[PDB]
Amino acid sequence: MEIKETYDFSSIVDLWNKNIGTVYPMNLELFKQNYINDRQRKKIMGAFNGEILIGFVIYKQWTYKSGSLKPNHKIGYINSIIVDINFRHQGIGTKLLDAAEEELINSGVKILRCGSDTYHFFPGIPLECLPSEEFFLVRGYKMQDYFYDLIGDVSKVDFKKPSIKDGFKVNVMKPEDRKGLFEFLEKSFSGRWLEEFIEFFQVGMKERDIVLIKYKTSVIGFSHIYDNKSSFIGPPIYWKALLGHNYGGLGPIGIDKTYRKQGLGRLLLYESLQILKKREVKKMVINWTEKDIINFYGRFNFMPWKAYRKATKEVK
């Protein structure tokens, strides 16, 4: 058994799908997309039986700016770790994680997160990977709160228009909106979501996938939507093989803090869903939500679908 760096994506993807493909169906396009485009200091360590890949760990350190935030080198990420089912309980997982953790720690990492990285596969430890919690617990990870992906079939329900509101308009983004959007993000969501917008446009996100809410002239909120014609396979549609032919998704979605708790998020959501529904979307996901916002999406018939536990190791 040898531990060494690998960039054999096909072998990794095949191993992924054999072990967890029932609930996290991976394809090479997504896998390449997310690994190649990530801008953080990153590495894949494989475990090998001769030339046969029998495990891997993908890990990162926050070394690349997030919008207006400079990188915090103290934060590292385990993007994913899987040892093949036929080679479990032989110490392979331990060695892979030790290899990742040692390297991150030697480069100044003091806080180690299970998922939640840029270009993540997971926001935390998936519930379908619940048995892994004990493996991480024993290795110093503290198990925290949950995040959720929500699912709904927008073809199945009609919603009545939200209360009409003077001044506000919701519309898919046009090219001309680009400057107003970027100024809005700089003001209101100037970290990760600003960074995503910067980078997603560079790898073929299109304006048709952004919805904007304006008061008069000013962008006060946005949503990012996905359907089966979107070319960027973003987080809401990672697991689109589970979502049927007319799959879609939504996230992120945000309203300027000033404007919140007055029904404008609701208006944005409603019209964003109406847009997807007119694009003939059926089953669709709203990814990476907190418990106390579930009911906001629940109003529109969304239900928790996948749950992920937040898990963090502090290097003492």
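The first residue of the sequence shown is number 1, and the count goes up from there.
Query raised in the report: Can you tell me which stretch has the higher mean Cα B-factor, 129-137 or 205-213?
Result: Comparing 205-213 with 129-137, the higher mean C-alpha B-factor belongs to 205-213.
Query raised in the report: Can you tell me which stretch has the higher mean Cα B-factor, 182-190 or 230-238?
Result: Per the PDB record, 182-190.
Query raised in the report: From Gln90, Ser107, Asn86, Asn79, pick the one with the largest CA B-factor in the entry?
Result: Of the candidates given, the C-alpha B-factor peaks at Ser107.
Requested in this report: Could you say which of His120, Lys95, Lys165, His245 has its CA atom at the highest B factor, as listed in the PDB entry?
Outcome: Going by the entry's C-alpha B-factors, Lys165 comes out highest.
Requested in this report: Taking the chain's C-alpha temperature factors as the reference, tell me which third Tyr146 falls into: lowest, middle or highest.
Outcome: Its C-alpha B-factor belongs to the middle third of this chain's values.
Query - For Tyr259, the third of its chain into which the C-alpha B factor falls - result: Its C-alpha B-factor belongs to the highest third of this chain's values.
Query raised in the report: Once the chain's modelled residues are ordered by C-alpha B factor and cut into thirds, is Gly67 in the lowest, middle or highest one?
Result: It falls in the top third of the chain.
Requested in this report: Name the third of the chain's ranked CA B-factors that contains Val170, choosing lowest, middle or highest.
Outcome: According to the entry, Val170 has a C-alpha B-factor in the chain's highest third.
Query raised in the report: Is the Cα B-factor recorded for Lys32 in the lowest, middle or highest third of its chain?
Result: Within its chain, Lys32 is a middle-third residue by C-alpha B-factor, going by the deposited values.
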